[PDB]
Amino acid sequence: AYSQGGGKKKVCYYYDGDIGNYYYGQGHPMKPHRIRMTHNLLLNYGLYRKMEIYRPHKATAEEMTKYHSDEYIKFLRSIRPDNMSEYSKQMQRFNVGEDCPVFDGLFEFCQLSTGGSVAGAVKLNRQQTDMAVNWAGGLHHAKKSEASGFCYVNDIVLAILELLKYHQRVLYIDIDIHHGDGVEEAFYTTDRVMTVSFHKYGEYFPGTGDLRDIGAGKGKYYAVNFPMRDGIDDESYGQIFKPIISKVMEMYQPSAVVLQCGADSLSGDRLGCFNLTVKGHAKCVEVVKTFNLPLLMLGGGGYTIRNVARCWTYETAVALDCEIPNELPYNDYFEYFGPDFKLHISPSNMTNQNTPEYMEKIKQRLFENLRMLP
């Protein structure tokens, strides 16, 4: 009864050494090699001494069909580059073959990405860790019966369905630059999962996430969307993230939290148009960390892979409350981090089209909807 919510937290970390070998195709921005770069970097920082490292199991088709349809999972199980010609109709039906291509070991990659998220949820359900980290997870665009936005299987939805076995209310937070449409869609009509997504909105994938989308049915007011413009920086982002999450924690009071830490909201991302640094991105982890709830940290977007490795390495150290030096240690991918070889990055000179009045106005309208909770 003497607990006060502080102290160093127990962190369980999930990684399979085979994840870096899966290849989306020539010129495709999604590179699972970034997960191996992340792992090697934090290994050379010595962070393996402060946390438990687990190798996740390959999630089965039975585990995936807890949300996804039988036909879609069966297609993912069967589709291969050598038999694509015979599946030309089903590929279009399940949105596979363009943004989400067929590649060697596609289903295995889905099993590894999903296995880490569901294993971390089980560990949290068993009350055997404070935090679980799966940088191979966070594929938030996958739908019940189709792939989308480089995502095939929605590890987040499956992990949240696992958490719902022992937690009445689960809070999902998405700082990927894209709207977490796949997660919001799955839980749009239930109040047992509240989804909060911060994202660039307006002529941008996936085209959802309007702030007027607040949920439906029993889930009305349990979907929160903060639409943003190009070039947001650390100060603007930090001025609204903590107040909004604080109000969500007060009104909703969840017992478990899932944080998608998509790194394409960083400055200089190949696909993103934000201007956050690693410190500004990682401040979101610190804010969620303070509330001392069972927390599942997942990966997601991120397509300038040297900055992705920096971001998820630092945010693992943040979860461990470990200060690590700015000078990068030597590692298997040292040349990727030139010409500075530093851990932290500097923002660009791009214009922040999110005026301070815009940020305050959107925040005030979200506070109105948050007042509609019981």
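All residue numbers are counted from 1 along the displayed sequence.
**Student:** Averaging only over Cα atoms, indicate whether 157 to 165 or 90 to 98 has the higher B-factor in the PDB entry.
**Tutor:** On average, C-alpha B-factors are higher across 90 to 98.
**Student:** Between 173 to 181 and 213 to 221, name whichever shows the higher mean Cα B factor according to the PDB entry.
**Tutor:** Between 213 to 221 and 173 to 181, it is 213 to 221 that shows the higher mean C-alpha B-factor.
**Student:** Highest CA temperature factor in the entry: which of 76, 261, 133, 124?
**Tutor:** By C-alpha B-factor in the record, 76 ranks first.
**Student:** For the listed residues 313, 44, 307, 26, which one has the largest C-alpha B-factor as given in the deposited model?
**Tutor:** By C-alpha B-factor in the record, 26 ranks first.
**Student:** Going by the CA temperature factor in the PDB record, which third of the chain does residue 197 belong to: lowest, middle or highest?
**Tutor:** Within its chain, residue 197 is a lowest-third residue by C-alpha B-factor, going by the deposited values.
**Student:** Relative to the other modelled residues in the chain, which third contains the C-alpha temperature factor of residue 251: lowest, middle or highest?
**Tutor:** For residue 251, the deposited C-alpha B-factor lands in the highest third.
**Student:** Could you say whether, by C-alpha temperature factor, residue 65 belongs to the lowest, middle or highest third of its chain?
**Tutor:** Middle third - that is where residue 65 ends up once the chain's C-alpha B-factors are sorted.
**Student:** Taking the entry's C-alpha B-factors for this chain, is residue 142 in the lowest, middle or highest third?
**Tutor:** Residue 142: CA B-factor falls in the middle third of its chain.
**Student:** By the record's CA B-factor, is residue 326 among the lowest, middle or highest third of residues in the chain?
**Tutor:** It belongs to the middle third of the chain when residues are ordered by C-alpha B-factor.
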